[PDB]
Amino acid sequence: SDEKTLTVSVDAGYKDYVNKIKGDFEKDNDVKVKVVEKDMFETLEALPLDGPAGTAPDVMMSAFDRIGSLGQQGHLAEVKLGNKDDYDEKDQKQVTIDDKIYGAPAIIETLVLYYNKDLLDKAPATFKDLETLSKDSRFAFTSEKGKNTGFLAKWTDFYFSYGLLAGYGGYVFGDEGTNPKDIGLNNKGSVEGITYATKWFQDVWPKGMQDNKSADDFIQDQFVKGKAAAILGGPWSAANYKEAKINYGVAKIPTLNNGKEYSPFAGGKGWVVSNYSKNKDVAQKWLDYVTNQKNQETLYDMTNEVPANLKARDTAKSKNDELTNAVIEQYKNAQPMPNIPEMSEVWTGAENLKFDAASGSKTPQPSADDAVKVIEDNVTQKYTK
């Protein structure tokens, strides 16, 4: 009768999963769970209006990069990590801003190296191996003299190239991504990374790799047609390679020339609670439930998304799936993207940073210095000191 209820909103891809696991939660807590399907981002963009109306769901998911911001803006409730003993400090940091926790980590993801097993005997292990692969004429791009598609990476996109700069010692914001007055994108390390990228753009790759607007289309087209042997990509692309029947393999990103690992952004998703919810106690119980080992293993079983819960992540690793193994291994070297507001100013500035050098229009040092000045000035103008 008056036996409480909880509204759980998820993207279409998680509806079956939530329906499978809700039963045991309902029984364990004397609650009725209502499952609604809605695009993840649309739910979050509507929250500021649905919340005061009393029409927003009680719990939903969010990419890690938005949790801090939604928490600061007052749209998400502070929550506890019931499964803290099963989370690395890095994953706790993903859902934390200003020493306040606004979600429970659920899924991890990062960039990996996809390769074609019909073209290569094994995954390249280092960037030195990729450099030699780029001189194998079986991958020559004949319409442009001396260009090669052996290895491709969308380095005009800062989301992709960040891990290269970071592998050399670059960083976005100092104090582990929390100090917007300390920008590391023009430090010695970042410039070494930019310089290395520029060699690929200028000496190896087809001209099309410099056009950020169409580079992803070019890269996917080459890999899916068996013309690129290895490429940098996210887990989200695997489904497409499966659809196209490519005998693809997946590996950690090869080791950089300095002996350090590529250090991409550590992405993923967490479960969050509406700050407007009238069912926060039950919502807290839901977060602790859905992020426990059993339910995290079911998540992986149903969706192939890598669990945040470490006990569940080990179980996923034991399945010996290449994409899962690559993501788990590479995630060890991934750092969280800053979740502070000032991160919004990094994107436009970082475009120029990579492009001006990639195109040979500026040398790497002024390309980086000029872009950092753009970012710094925007931070000063738009945000409180």
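Residue numbers here begin at 1 and follow the sequence given.
Colleague: Can you tell me which stretch has the higher mean Cα B-factor, 352 to 360 or 31 to 39?
Modeller: Between 31 to 39 and 352 to 360, it is 31 to 39.
Colleague: Could you check the entry and say whether 138 to 146 or 284 to 292 has the higher mean CA B-factor?
Modeller: Mean CA B-factor is higher for 138 to 146.
Colleague: Determine which member of 128, 311, 269, 154 has the highest CA B-factor, using the values in the deposited entry.
Modeller: Out of 128, 311, 269, 154, the record gives the largest C-alpha B-factor to 311.
Colleague: Considering only 264, 226, 180, 105, which residue's Cα atom bears the greatest B-factor as recorded?
Modeller: That would be 226, according to the entry.
Colleague: C-alpha B factor of residue 249, ranked within the chain: lowest, middle or highest third?
Modeller: Within its chain, residue 249 is a highest-third residue by C-alpha B-factor, going by the deposited values.
Colleague: Hey, what third does residue 53 fall into on Cα B-factor, ranked over its chain?
Modeller: Highest third.
Colleague: What third of its chain, lowest, middle or highest, does the C-alpha temperature factor of residue 318 fall into?
Modeller: CA B-factor rank for residue 318: highest third.
Colleague: Going by the entry, which third of its chain does the Cα temperature factor of residue 371 land in?
Modeller: Residue 371: CA B-factor falls in the lowest third of its chain.
Colleague: Residue 300: which third of its chain by C-alpha temperature factor?
Modeller: Answer is middle: the recorded C-alpha B-factor places it there.
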